[PDB]
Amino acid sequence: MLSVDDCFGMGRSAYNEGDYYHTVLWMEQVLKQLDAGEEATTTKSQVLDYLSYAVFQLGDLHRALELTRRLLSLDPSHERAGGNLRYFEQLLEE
């Protein structure tokens, strides 16, 4: 019903309130619509940034690692995401 960019703004707003569950609900919807080829100004790397932080807050550890890996693949100079990936691999995968 809402556009990709509208849904992204909903997700950003929830994140700023510290509402990580609703951040996930909105950002997951954005990923669906982006994958369906819907046109948007928001990019996938932006979505993965918010979603990986929100799912980490909610305790979904290997999902957060997966999404952090995908974020870096689409945004290799993302210094924070590179530090997060090193954190998660040291913590979870040996």
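Residue positions are given as counts along the sequence shown, with the first one as 1. The term rigid core refers to the most C-alpha atoms you can superpose between the two forms while keeping them within 1.5 Å.
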Positional deviation of Cα atoms in 5 other deposited structures of this protein after core superposition, greater for 74-82 or 17-25: 74-82
Stretch departing more from the displayed form, 85-93 or 4-12, Cα RMS in 5 other deposited structures of this protein (core fit): 85-93
Mean Cα B-factor comparison, 33-41 or 51-59, giving the higher one as deposited: 33-41
Residue range whose averaged C-alpha B-factor is higher in the record, 9-17 or 72-80: 9-17
